[PDB]
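Chemist: Okay, handing you the structure first.
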Amino acid sequence: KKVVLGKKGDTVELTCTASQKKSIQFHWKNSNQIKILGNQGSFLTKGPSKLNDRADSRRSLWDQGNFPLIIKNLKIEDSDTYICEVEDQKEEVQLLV
Amino acid sequence: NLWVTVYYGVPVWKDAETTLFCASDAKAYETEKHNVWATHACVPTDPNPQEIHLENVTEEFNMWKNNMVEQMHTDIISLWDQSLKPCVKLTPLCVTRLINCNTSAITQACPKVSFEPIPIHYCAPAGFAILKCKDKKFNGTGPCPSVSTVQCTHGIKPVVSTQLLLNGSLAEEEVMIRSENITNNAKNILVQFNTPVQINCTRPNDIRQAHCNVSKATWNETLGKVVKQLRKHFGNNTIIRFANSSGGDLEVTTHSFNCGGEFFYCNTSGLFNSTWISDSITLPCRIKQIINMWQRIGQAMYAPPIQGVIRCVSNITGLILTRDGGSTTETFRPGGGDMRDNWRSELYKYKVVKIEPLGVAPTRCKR
Amino acid sequence: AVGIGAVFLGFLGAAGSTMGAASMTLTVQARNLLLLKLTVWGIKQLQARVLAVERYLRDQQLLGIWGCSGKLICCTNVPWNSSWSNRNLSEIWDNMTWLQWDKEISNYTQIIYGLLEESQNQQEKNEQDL
Amino acid sequence: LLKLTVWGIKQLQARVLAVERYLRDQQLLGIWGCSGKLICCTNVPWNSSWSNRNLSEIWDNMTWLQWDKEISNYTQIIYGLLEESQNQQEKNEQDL
Amino acid sequence: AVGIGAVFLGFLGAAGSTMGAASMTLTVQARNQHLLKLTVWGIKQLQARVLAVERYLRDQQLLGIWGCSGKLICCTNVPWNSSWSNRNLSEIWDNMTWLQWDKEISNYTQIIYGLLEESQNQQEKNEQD
Amino acid sequence: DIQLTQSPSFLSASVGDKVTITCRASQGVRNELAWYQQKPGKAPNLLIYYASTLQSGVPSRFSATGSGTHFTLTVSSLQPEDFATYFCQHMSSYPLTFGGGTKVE
Amino acid sequence: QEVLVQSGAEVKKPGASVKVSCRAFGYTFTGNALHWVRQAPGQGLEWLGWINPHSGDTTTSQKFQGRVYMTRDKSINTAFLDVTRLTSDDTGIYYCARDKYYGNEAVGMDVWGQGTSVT
Amino acid sequence: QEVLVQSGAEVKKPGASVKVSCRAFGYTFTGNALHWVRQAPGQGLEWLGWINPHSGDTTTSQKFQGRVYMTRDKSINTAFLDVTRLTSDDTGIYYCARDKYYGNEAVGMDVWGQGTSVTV
Ligand SMILES: *[C@@H]1O[C@H](CO)[C@@H](O[C@@H]2O[C@H](CO)[C@@H](O[C@@H]3O[C@H](CO[C@H]4O[C@H](CO)[C@@H](O)[C@H](O)[C@@H]4O)[C@@H](O)[C@H](O[C@H]4O[C@H](CO)[C@@H](O)[C@H](O)[C@@H]4O)[C@@H]3O)[C@H](O)[C@H]2NC(C)=O)[C@H](O)[C@H]1NC(C)=O
Ligand SMILES: *[C@@H]1O[C@H](CO)[C@@H](O[C@@H]2O[C@H](CO)[C@@H](O[C@@H]3O[C@H](CO[C@H]4O[C@H](CO)[C@@H](O)[C@H](O)[C@@H]4O)[C@@H](O)[C@H](O[C@H]4O[C@H](CO)[C@@H](O)[C@H](O)[C@@H]4O)[C@@H]3O)[C@H](O)[C@H]2NC(C)=O)[C@H](O)[C@H]1NC(C)=O
Ligand SMILES: *[C@@H]1O[C@H](CO)[C@@H](O)[C@H](O)[C@H]1NC(C)=O
Ligand SMILES: *[C@@H]1O[C@H](CO)[C@@H](O)[C@H](O)[C@H]1NC(C)=O
Ligand SMILES: *[C@@H]1O[C@H](CO)[C@@H](O)[C@H](O)[C@H]1NC(C)=O
């Protein structure tokens with residue numbers, strides 16, 4: 001699985017590549033199965049997690065298949081394994097501080 | 001010993017994915033901007049609808065893998081691109097981890113036009129047929145025993161609204177809960193009422209303010225019906241809670257719709273606040289000019305609103321709710337925004353089939 | 001018991017009935033298979049009528065290829081091979097719908113069409129010529 | 001192009017209506033058991049309650065107009081009998 | 001020799017092939033500004049479709065008068081003349097194309113059509129009565 | 001006509017009993033007779049057709065037997081919702097006529 | 001789902017004629033034969049007639065010929081029954097009943113109306 | 001004018017799969033069957049198999065099953081030969097050939113391509 005390094009107080013991005021190049025309903029969840037962010041069609045929505053105002057995404061890459069997650073002001077608690085759900089595919093990305 | 005005979009006209013069908021013509025009811029002189037789209041793409045309707053109730057045959061329906069939602073969607077995108085011309089468009093283009101995207105910008109002459117939805121039928125061409133599930137307790141998927149052949153459907157209303165369903169069709173028996181997969185925490189939950197909730201949501205004679213009233217008692221009884229129906233699926237002992245929203249853009253975290261050629265963004269913080277265990281409410285709408293288009297990725301800038309009175313009254317008929325599955329109690333944060341869910345809830349009992357009237361059978365005939 | 005005659009179930013109205021009773025009403029399901037407004041609305045109706053007539057003509061020509069022109073029910077000369085989901089005639093004609101039959105035959109139907117086209121009208125013909 | 005959108009639609013409609021009428025008549029003959037024959041002859045017996053005369057008188061002393069004026073009371077029973085007593089009676093015995 | 005089966009020569013693909021070889025492939029020749037887009041481009045194609053349908057129906061009606069209804073290879077009861085350029089059947093069916101056979105009886109086609117349509121089918125259906 | 005006589009007419013029974021009620025015909029009607037129930041103030045409801053087959057929606061605790069001119073139905077367990085009037089009617093030949101009535105209590 | 005919807009109760013004088021309608025919901029009206037039946041209060045069921053809603057042919061018992069007449073309307077899917085020379089013995093409740101109609105024969109009456117009261 | 005155009009010279013490592021193409025010009029593509037013929041350098045020509053371009057049926061000899069695959073494309077009039085599991089003995093030239101195909105039987109090979117050179 002993919003493992004990424006991280007530093008405290010810095011912005012990190014995680015990629016989640018789909019098969020085709022259009023816009024597909026996806027979601028980002030943590031290991032506790034709490035929603036972080038996702039798209040309802042052509043918009044952006046966020047979850048009830050603790051990373052509500054520290055997790056954005058690049059809107060223009062949704063028309064290329066990539067669904068990245070951008071985390072700003074990273075802390076000690078943000079080191080989990082992150083699950084990306086798209087096209088009945090669950091991708092695991094391990095993040096550490 | 002026994003041989004083969006062909007039979008012409010046998011009653012069989014296969015699952016097809018063809019296109020359909022609309023055939024709405026256009027007046028061919030009105031400047032509604034729904035009618036000028038209808039008079040250039042729809043033929044007039046049939047005043048004698050054909051309905052043939054079938055015998056004891058069960059059909060395996062499907063809701064979330066339909067192939068009329070994607071035919072609704074392109075037609076409504078064509079309507080919104082040929083009807084409401086915006087002033088400034090911003091669509092990302094991004095010609096191809098080594099990539100950079102630039103935003104295009106076109107400028108078009110933007111007038112202010114009328115805007116109101118008209119009822120639209122969907123009628124299949126010759127050779128095909130439309131099956132309708134007449135079961136009043138339909139789960140949404142699986143088999144349906146009471147199927148009926150319909151020439152074409154009722155008048156659907158192309159409502160454009162997140163966070164709430166406006167001017168929709170009603171259920172028969174009680175409030176119904178439809179989902180692709182409960183206990184997934186990623187699929188939307190569609191809720192259909194059995195009574196309409198009246199909402200009067202208008203701009204009084206500050207221009208960027210709008211008072212938007214709903215009745216408290218009918219909303220309370222509707223939420224009681226909703227919690228009574230939701231308690232069946234979760235164990236009948238779990239108290240649920242209605243939160244407001246969780247972040248997102250302004251076109252999701254509020255209730256956003258169109259009222260007379262203007263974009264209304266009304267808050268829903270005063271509706272989903274109660275916790276259910278075992279006279280009127282006003283809403284602060286802010287009319288906008290910067291919007292995110294639901295059809296594609298991009299931003300749109302429009303004109304200042306028309307001075308005067310802008311009044312619209314409508315029926316709230318359905319809800320889109322999303323569970324917040326954690327680690328007990330459960331929370332239903334009402335989200336939505338994907339517009340396919342705003343048409344899959346009203347096209348949930350229809351199927352397109354192709355007749356193949358040519359069968360073969362073994363008999364004892366000769367020559 | 002006492003009776004009065006037949007009834008009229010409608011177009012595609014016998015799909016739930018058995019094969020031995022839905023084959024008597026093939027006539028009903030074979031009968032039904034056949035300025036700005038003058039530019040827009042009329043030409044779509046005209047195209048729909050032309051498309052329906054042409055589909056019926058193509059399908060009747062495909063019936064006429066096998067030596068079965070015009071008739072709703074006719075007999076051919078290929079034998080029923082036992083690998084094509086063999087059953088008794090009573091349970092086929094009394095306990096099945098036509099939908100279940102085309103569910104149970106759909107893996108082999110193109111072979112049936114090819115055997116009907118290659119034989120019969122190209123085997124009764126080219127043998128009567130010699 | 002004003003001559004095309006006025007004089008073209010009506011003539012095409014008339015041609016399509018004539019083609020559809022001829023195909024409906026040929027479909028009715030195909031249901032009756034005569035697929036393409038002009039004169040065709042069937043299995044239904046001629047009941048004598050329908051008005052019979054001598055064979056020389058019927059085939060030599062009447063126009064078709066007088067015969068169609070005379071038989072017009074009893075035409076639908078003839079049509080139903082020619083449907084059922086041929087193509088629901090010759091069939092269901094060849095399927096034995 | 002070894003083989004797989006038949007091939008698809010084309011629409012008019014069997015022209016030039018022998019008479020018996022083209023007699024098995026008669027199936028492949030018997031089977032064959034929004035307002036401005038629906039006034040010149042949308043009516044000529046419809047007229048062509050109606051013309052093709054009406055031509056096929058009138059020619060199939062001309063087949064149906066001869067007693068063949070809707071068959072491809074039909075058979076009738078008319079004696080073939082010792083005239084009309086009679087040869088042995090092997091040279092007709094194994095050496096000549098259909099084009100040369102139509103050019104050989106180009107003069108004598110109407111007599112054959114009058115023998116088929118008139119005084120045979122009316123005579124046969126008179127004999128049936 | 002054809003006369004249908006029920007036997008016996010008025011019954012008293014407790015909850016959970018075995019009851020068999022009889023319909024007699026003046027002529028042999030094979031099996032072409034059907035069994036109905038009418039509640040007071042409501043329309044009659046169909047229970048048995050072809051004298052031996054259960055109507056869909058009828059509970060399985062009811063049954064019906066019989067041949068020739070002697071037909072019966074049997075209820076294995078009486079319920080408070082099963083107290084109404086029971087009728088028998090034939091359709092082999094004209095006229096269609098019903099039983100005189102069987103009220104249970 | 002399959003129900004039969006009629007008109008209201010009627011009160012008529014003797015010697016007159018009364019009209020009752022029955023409309024079908026939930027099924028194709030031209031598919032099953034339709035029966036009419038009466039009830040005097042306190043008596044057993046006795047039967048009037050039955051009609052095909054496709055051919056329009058009617059059939060009545062040996063003691064009501066020329067007394068009742070049955071017609072049909074396929075546009076509104078309504079069957080009409082008319083009773084002439086009303087007497088005191090015709091006072092009662094009215095029912096229209098869909099026959100199940102298996103094998104082109106009479107089988108049983110499964111769908112009923114709610115009864116038209118005539119007096 | 002009847003010609004067959006093949007691909008260029010391919011270079012390759014052993015063990016993988018390679019694909020060559022043959023496009024027909026000057027005749028209708030669905031009329032005559034196509035043979036595939038291999039020639040080793042310094043040896044004689046060797047025959048692989050043949051495909052009917054209409055029905056899609058392919059026939060291969062008794063010692064290239066699961067190693068040689070044959071597909072067609074009627075929209076662009078092409079025949080694709082897929083050679084898998086490449087060894088050192090497979091360096092040579094490829095020929096696509098039009099059968100004359102008289103009376104639905106193999107008669108002879110009249111039209112040949114310019115050839116495709118493969119080195120492994
Ligand atoms: C779905 O809907 C279809 C039609 O819409 C229904 O099919 C009908 O089913 C009924 C029975 O359920 C058929 O009616 C009768 O079937 C009887 C079967 O015979 C047995 O039972 C009788 C009971 O008295 C015994 O006497 C007998 O000995 C057998 O034990 C017969 O009584 C009748 O069939 C007779 O007549 C026919 C000609 O009509 C002959 O071919 C037979 O051989 C036999 O002599 C009678 O037919 C009815 O026919 C069915 N309809 C059709 C069109 O065939 C389904 O029941 C319904 N439900 C389901 C779940 O599928
Ligand atoms: C374009 O033009 C050519 C003209 O040449 C068309 O005709 C084809 O011609 C060749 C021969 O030139 C046909 O080849 C076949 O040969 C088979 C065996 O070869 C024998 O040939 C002769 C006897 O014919 C002798 O020298 C000797 O016995 C050989 O053994 C024959 O079996 C073929 O058919 C013969 O036998 C069968 C069965 O007995 C008979 O039914 C036939 O009538 C015939 O006597 C034939 O001779 C080839 O088949 C011809 N094509 C046909 C007939 O379609 C081309 O067809 C034409 N088109 C194209 C696309 O090229
Ligand atoms: C019958 O079908 C089987 C399919 O397994 C086939 O192998 C066999 O050849 C067929 N018999 C014929 C065509 O006579
Ligand atoms: C002849 O016709 C009359 C009336 O049309 C009818 O009553 C009679 O039964 C018929 N008889 C025969 C043998 O067809
Ligand atoms: C054959 O044709 C000739 C001239 O066309 C004619 O005189 C002769 O009667 C014909 N014979 C037959 C049998 O048709």
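All residue names refer to the structure tokens as shown: chains lettered A, B, ... in order, residues numbered from 1 in each chain, ligands numbered from 1 in order.
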Check every protein, DNA and RNA residue against ligand 1, keep those with an atom at most 8 Å away (counting only C-alpha atoms and all ligand atoms), and present them as a PyMOL selection string.

Modeler: (chain B and resi 55-57) or (chain C and resi 14+16-18+20-22+94) or (chain F and resi 31-32+50-53) or (chain G and resi 102-104)

Chemist: Restricting it to N, CA, C and O atoms, dump the selection as a tab-separated table (two decimals), in the first residue's frame.

Modeler:
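Heads up, here's the output in part26.tsv:
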```tsv
chain	number	residue	atom	x	y	z
B	55	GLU	N	-51.22	-9.21	-16.52
B	55	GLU	CA	-51.59	-10.36	-15.71
B	55	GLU	C	-50.51	-10.62	-14.66
B	55	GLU	O	-49.64	-9.79	-14.41
B	56	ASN	N	-50.56	-11.80	-14.03
B	56	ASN	CA	-49.68	-12.12	-12.91
B	56	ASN	C	-48.26	-12.39	-13.42
B	56	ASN	O	-47.82	-13.53	-13.58
B	57	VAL	N	-47.53	-11.30	-13.68
B	57	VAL	CA	-46.14	-11.36	-14.09
B	57	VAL	C	-45.34	-10.38	-13.23
B	57	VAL	O	-45.78	-9.26	-12.97
C	14	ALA	N	-51.10	-10.69	-22.41
C	14	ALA	CA	-51.06	-12.11	-22.08
C	14	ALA	C	-49.65	-12.59	-21.76
C	14	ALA	O	-49.36	-13.77	-21.93
C	16	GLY	N	-48.29	-12.77	-18.81
C	16	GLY	CA	-48.36	-13.61	-17.63
C	16	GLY	C	-49.08	-14.92	-17.82
C	16	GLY	O	-49.03	-15.78	-16.94
C	17	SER	N	-49.75	-15.10	-18.96
C	17	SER	CA	-50.49	-16.32	-19.23
C	17	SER	C	-49.55	-17.41	-19.74
C	17	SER	O	-48.38	-17.17	-20.04
C	18	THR	N	-50.08	-18.63	-19.83
C	18	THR	CA	-49.31	-19.76	-20.30
C	18	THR	C	-49.10	-19.69	-21.81
C	18	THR	O	-49.77	-18.93	-22.52
C	20	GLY	N	-49.74	-22.06	-23.97
C	20	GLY	CA	-50.84	-22.69	-24.68
C	20	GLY	C	-52.07	-21.83	-24.84
C	20	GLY	O	-52.97	-22.20	-25.60
C	21	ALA	N	-52.14	-20.70	-24.14
C	21	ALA	CA	-53.26	-19.77	-24.26
C	21	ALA	C	-52.87	-18.42	-24.84
C	21	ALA	O	-53.73	-17.74	-25.40
C	22	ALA	N	-51.60	-18.02	-24.73
C	22	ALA	CA	-51.15	-16.77	-25.32
C	22	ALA	C	-50.83	-16.90	-26.80
C	22	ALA	O	-50.68	-15.87	-27.47
C	94	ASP	N	-48.03	-25.80	-21.03
C	94	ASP	CA	-49.01	-25.64	-19.96
C	94	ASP	C	-48.47	-24.98	-18.70
C	94	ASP	O	-49.27	-24.45	-17.93
F	31	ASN	N	-67.91	-30.22	-10.07
F	31	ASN	CA	-67.28	-29.46	-9.01
F	31	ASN	C	-67.52	-27.96	-9.15
F	31	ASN	O	-66.93	-27.17	-8.41
F	32	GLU	N	-68.37	-27.55	-10.10
F	32	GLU	CA	-68.53	-26.14	-10.45
F	32	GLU	C	-69.47	-25.47	-9.45
F	32	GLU	O	-70.63	-25.17	-9.74
F	50	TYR	N	-63.68	-23.40	-7.56
F	50	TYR	CA	-63.57	-24.77	-8.08
F	50	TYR	C	-63.73	-25.84	-7.00
F	50	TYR	O	-63.25	-26.96	-7.17
F	51	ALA	N	-64.36	-25.48	-5.87
F	51	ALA	CA	-64.75	-26.34	-4.75
F	51	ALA	C	-63.59	-27.00	-4.01
F	51	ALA	O	-63.83	-27.72	-3.03
F	52	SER	N	-62.34	-26.78	-4.43
F	52	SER	CA	-61.20	-27.37	-3.74
F	52	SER	C	-59.98	-26.46	-3.64
F	52	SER	O	-58.99	-26.88	-3.03
F	53	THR	N	-60.00	-25.26	-4.21
F	53	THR	CA	-58.81	-24.43	-4.32
F	53	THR	C	-58.93	-23.19	-3.44
F	53	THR	O	-60.00	-22.59	-3.33
G	102	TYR	N	-61.53	-17.79	-15.70
G	102	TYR	CA	-60.44	-18.65	-16.15
G	102	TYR	C	-60.97	-19.66	-17.16
G	102	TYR	O	-62.00	-20.31	-16.93
G	103	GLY	N	-60.25	-19.80	-18.27
G	103	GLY	CA	-60.63	-20.75	-19.31
G	103	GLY	C	-61.92	-20.42	-20.03
G	103	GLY	O	-62.63	-21.35	-20.45
G	104	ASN	N	-62.23	-19.13	-20.19
G	104	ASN	CA	-63.42	-18.62	-20.88
G	104	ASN	C	-64.72	-19.15	-20.27
G	104	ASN	O	-65.70	-19.39	-20.99
```

Chemist: Show which residues sit within 9 Å of segment 183-199 of chain B, as a compact mmCIF listing (two decimals) with N, CA, C and O atoms, in the first residue's frame. Count only C-alpha atoms, and ignore same-chain residues fewer than 4 positions away.

Modeler:
```txt
# COMPACT_ATOMS: atom_id res chain seq x y z
N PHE A 26 -17.26 10.24 -5.39
CA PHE A 26 -16.23 9.61 -4.56
C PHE A 26 -16.39 10.10 -3.13
O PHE A 26 -17.17 11.01 -2.84
N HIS A 27 -15.62 9.49 -2.23
CA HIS A 27 -15.63 9.92 -0.84
C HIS A 27 -14.28 9.61 -0.19
O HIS A 27 -13.60 8.66 -0.57
N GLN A 33 -14.34 5.27 9.83
CA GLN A 33 -15.43 5.38 8.84
C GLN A 33 -16.26 6.64 9.03
O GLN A 33 -17.49 6.63 8.93
N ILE A 34 -15.58 7.75 9.31
CA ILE A 34 -16.20 9.07 9.38
C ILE A 34 -15.91 9.79 8.08
O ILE A 34 -14.76 9.78 7.60
N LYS A 35 -16.93 10.39 7.48
CA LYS A 35 -16.76 11.12 6.23
C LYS A 35 -15.90 12.36 6.42
O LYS A 35 -16.05 13.08 7.41
N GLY A 38 -16.41 14.81 0.00
CA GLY A 38 -16.92 14.12 -1.17
C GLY A 38 -17.62 15.12 -2.06
O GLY A 38 -17.74 16.30 -1.73
N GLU A 85 -13.02 5.98 -1.55
CA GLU A 85 -14.01 5.16 -2.24
C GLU A 85 -14.38 5.82 -3.55
O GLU A 85 -14.89 6.95 -3.56
N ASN B 167 -42.38 20.84 -5.65
CA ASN B 167 -43.38 20.55 -6.69
C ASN B 167 -43.29 19.11 -7.19
O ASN B 167 -43.49 18.83 -8.38
N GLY B 168 -43.00 18.18 -6.29
CA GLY B 168 -42.80 16.79 -6.65
C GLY B 168 -44.07 15.96 -6.51
O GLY B 168 -45.11 16.42 -6.06
N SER B 169 -43.95 14.70 -6.92
CA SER B 169 -45.04 13.74 -6.79
C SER B 169 -45.03 13.11 -5.40
O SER B 169 -44.01 13.07 -4.71
N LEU B 170 -46.20 12.62 -5.00
CA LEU B 170 -46.42 12.12 -3.65
C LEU B 170 -46.56 10.60 -3.65
O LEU B 170 -46.92 9.99 -4.66
N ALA B 171 -46.28 10.01 -2.49
CA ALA B 171 -46.49 8.59 -2.28
C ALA B 171 -47.96 8.32 -1.95
O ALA B 171 -48.76 9.25 -1.79
N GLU B 172 -48.32 7.04 -1.85
CA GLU B 172 -49.71 6.65 -1.66
C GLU B 172 -50.04 6.31 -0.21
O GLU B 172 -50.94 6.91 0.38
N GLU B 173 -49.31 5.37 0.38
CA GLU B 173 -49.67 4.85 1.70
C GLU B 173 -49.08 5.70 2.83
O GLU B 173 -49.82 6.25 3.65
N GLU B 174 -47.75 5.83 2.87
CA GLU B 174 -47.09 6.55 3.94
C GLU B 174 -45.76 7.09 3.42
O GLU B 174 -45.48 7.05 2.22
N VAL B 175 -44.95 7.61 4.34
CA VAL B 175 -43.62 8.12 4.00
C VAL B 175 -42.72 6.95 3.65
O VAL B 175 -42.63 5.97 4.40
N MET B 176 -42.05 7.03 2.50
CA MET B 176 -41.20 5.95 2.03
C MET B 176 -39.73 6.36 2.06
O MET B 176 -39.39 7.52 1.81
N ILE B 177 -38.88 5.39 2.37
CA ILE B 177 -37.44 5.57 2.52
C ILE B 177 -36.77 4.73 1.45
O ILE B 177 -36.91 3.50 1.44
N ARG B 178 -36.03 5.37 0.55
CA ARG B 178 -35.35 4.69 -0.54
C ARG B 178 -33.85 4.94 -0.45
O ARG B 178 -33.41 6.07 -0.19
N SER B 179 -33.08 3.88 -0.64
CA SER B 179 -31.62 3.97 -0.62
C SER B 179 -31.05 2.80 -1.42
O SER B 179 -31.67 1.74 -1.52
N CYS B 212 -39.38 33.70 3.93
CA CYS B 212 -39.64 32.39 3.33
C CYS B 212 -40.27 31.49 4.40
O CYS B 212 -39.57 30.79 5.13
N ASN B 213 -41.60 31.50 4.45
CA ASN B 213 -42.34 30.94 5.56
C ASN B 213 -42.83 29.52 5.27
O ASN B 213 -43.22 29.20 4.14
N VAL B 214 -42.80 28.69 6.32
CA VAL B 214 -43.36 27.34 6.30
C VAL B 214 -44.13 27.15 7.60
O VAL B 214 -43.85 27.80 8.62
N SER B 215 -45.16 26.31 7.56
CA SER B 215 -45.99 26.07 8.73
C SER B 215 -45.28 25.15 9.72
O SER B 215 -44.65 24.16 9.34
N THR B 218 -47.50 21.42 10.52
CA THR B 218 -47.41 20.43 9.45
C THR B 218 -45.99 19.89 9.31
O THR B 218 -45.80 18.70 9.06
N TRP B 219 -44.99 20.76 9.49
CA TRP B 219 -43.60 20.31 9.47
C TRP B 219 -43.29 19.40 10.65
O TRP B 219 -42.55 18.42 10.50
N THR B 222 -44.94 16.07 9.90
CA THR B 222 -44.19 15.40 8.85
C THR B 222 -42.89 14.82 9.39
O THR B 222 -42.51 13.70 9.03
N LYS B 225 -43.81 11.68 11.26
CA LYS B 225 -43.96 10.57 10.32
C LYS B 225 -42.61 10.06 9.85
O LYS B 225 -42.40 8.84 9.72
N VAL B 226 -41.67 10.98 9.61
CA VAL B 226 -40.33 10.61 9.15
C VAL B 226 -39.58 9.82 10.22
O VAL B 226 -38.98 8.78 9.92
N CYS B 312 -43.26 33.26 -4.92
CA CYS B 312 -43.49 31.88 -5.33
C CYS B 312 -43.89 31.04 -4.12
O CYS B 312 -43.25 31.11 -3.06
N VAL B 313 -44.96 30.27 -4.29
CA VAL B 313 -45.45 29.33 -3.30
C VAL B 313 -45.38 27.93 -3.92
O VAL B 313 -45.61 27.77 -5.12
N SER B 314 -44.98 26.95 -3.12
CA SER B 314 -44.72 25.62 -3.64
C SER B 314 -44.98 24.58 -2.56
O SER B 314 -45.25 24.91 -1.40
N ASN B 315 -44.92 23.31 -2.96
CA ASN B 315 -45.13 22.18 -2.08
C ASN B 315 -43.81 21.45 -1.88
O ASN B 315 -43.20 20.98 -2.85
N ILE B 316 -43.37 21.35 -0.63
CA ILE B 316 -42.28 20.46 -0.27
C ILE B 316 -42.85 19.06 -0.15
O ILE B 316 -43.78 18.82 0.62
N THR B 317 -42.32 18.13 -0.96
CA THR B 317 -42.82 16.77 -1.03
C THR B 317 -41.80 15.72 -0.62
O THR B 317 -42.20 14.59 -0.30
N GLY B 318 -40.51 16.03 -0.63
CA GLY B 318 -39.50 15.04 -0.33
C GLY B 318 -38.24 15.65 0.25
O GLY B 318 -38.03 16.87 0.21
N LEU B 319 -37.40 14.77 0.80
CA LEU B 319 -36.18 15.17 1.48
C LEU B 319 -35.02 14.28 1.04
O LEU B 319 -35.22 13.12 0.65
N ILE B 320 -33.81 14.83 1.12
CA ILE B 320 -32.58 14.08 0.88
C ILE B 320 -31.75 14.17 2.15
O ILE B 320 -31.30 15.26 2.53
N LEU B 321 -31.54 13.03 2.80
CA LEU B 321 -30.84 12.99 4.08
C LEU B 321 -29.62 12.07 3.97
O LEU B 321 -29.63 11.09 3.22
N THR B 322 -28.58 12.39 4.74
CA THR B 322 -27.36 11.60 4.76
C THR B 322 -27.01 11.25 6.20
O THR B 322 -26.90 12.14 7.05
N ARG B 323 -26.82 9.97 6.47
CA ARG B 323 -26.46 9.53 7.81
C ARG B 323 -25.00 9.88 8.11
O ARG B 323 -24.16 9.95 7.21
N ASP B 324 -24.72 10.11 9.39
CA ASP B 324 -23.36 10.30 9.89
C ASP B 324 -23.03 9.10 10.76
O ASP B 324 -23.20 9.12 11.98
N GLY B 325 -22.55 8.04 10.12
CA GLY B 325 -22.28 6.79 10.80
C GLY B 325 -21.00 6.81 11.61
O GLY B 325 -19.90 6.90 11.04
N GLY B 335 -28.07 16.55 3.27
CA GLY B 335 -27.16 17.08 2.28
C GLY B 335 -27.73 17.08 0.87
O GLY B 335 -28.61 17.89 0.56
N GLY B 336 -27.23 16.19 0.02
CA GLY B 336 -27.65 16.15 -1.36
C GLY B 336 -26.94 17.20 -2.20
O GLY B 336 -26.06 17.93 -1.75
N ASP B 341 -30.15 12.63 -8.24
CA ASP B 341 -31.00 12.23 -7.13
C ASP B 341 -32.30 13.03 -7.07
O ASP B 341 -33.25 12.59 -6.41
N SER B 345 -35.78 10.09 -7.76
CA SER B 345 -36.82 9.90 -6.76
C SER B 345 -38.22 10.01 -7.35
O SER B 345 -39.18 9.56 -6.72
```

Chemist: At a cut-off of 10 Å and counting only C-alpha atoms and all ligand atoms, what residues surround ligand 3? Please answer as a list in words.

Modeler: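 Sorted by chain and then by number, the residues are residues 78, 79, 80, 81, 82, 83, 84, 85, 108, 111 and 115 of chain C.
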
Chemist: Select all residues from chain F having any atom no more than 9 Å from an atom of chain C (counting only C-alpha atoms, ignoring ligands), output as a list in words.

Modeler: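 Here is what falls inside 9 Å: residues 32, 91, 92, 93 and 94 of chain F.
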
Chemist: Include C-alpha atoms and write out the residues we just selected as a PDB file, in the first residue's frame.

Modeler:
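File written: again_25.pdb
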```
ATOM      1  CA  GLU F  32     -68.528 -26.139 -10.452  1.00  0.00           C
ATOM      2  CA  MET F  91     -72.496 -22.152 -12.332  1.00  0.00           C
ATOM      3  CA  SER F  92     -72.824 -25.398 -14.301  1.00  0.00           C
ATOM      4  CA  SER F  93     -76.189 -24.350 -15.722  1.00  0.00           C
ATOM      5  CA  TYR F  94     -78.661 -21.498 -15.617  1.00  0.00           C
TER       6      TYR F  94
END
```

Chemist: What residues of the protein or nucleic acid chains come within 10 Å of ligand 5 when you use only C-alpha atoms and all ligand atoms? Reply as a ChimeraX atom specification.

Modeler: /E:78-85,108,111-112,115

Chemist: Which protein, DNA or RNA residues have an atom within 9 Å of ligand 4, counting only C-alpha atoms and all ligand atoms, as a list in words?

Modeler: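 Listing the residues within 9 Å of ligand 4 gives residues 45, 46, 47, 48, 49, 50, 74 and 77 of chain D.
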
Chemist: Enumerate residues in contact with ligand 2: an atom-to-atom distance of at most 7 Å, counting only C-alpha atoms and all ligand atoms. Format the result as a short mmCIF file (atom, residue, chain, number, x, y, z; two decimals) with C-alpha atoms, in the first residue's frame.

Modeler:
```cif
data_model
loop_
_atom_site.label_atom_id
_atom_site.label_comp_id
_atom_site.auth_asym_id
_atom_site.auth_seq_id
_atom_site.Cartn_x
_atom_site.Cartn_y
_atom_site.Cartn_z
CA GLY E 16 -19.83 -11.64 -62.92
CA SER E 17 -19.99 -14.88 -60.94
CA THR E 18 -21.61 -17.93 -62.51
CA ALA E 21 -23.14 -19.36 -57.70
CA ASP E 94 -22.44 -23.06 -65.28
CA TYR H 102 -12.83 -20.49 -55.32
CA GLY H 103 -15.97 -22.45 -54.42
#
```
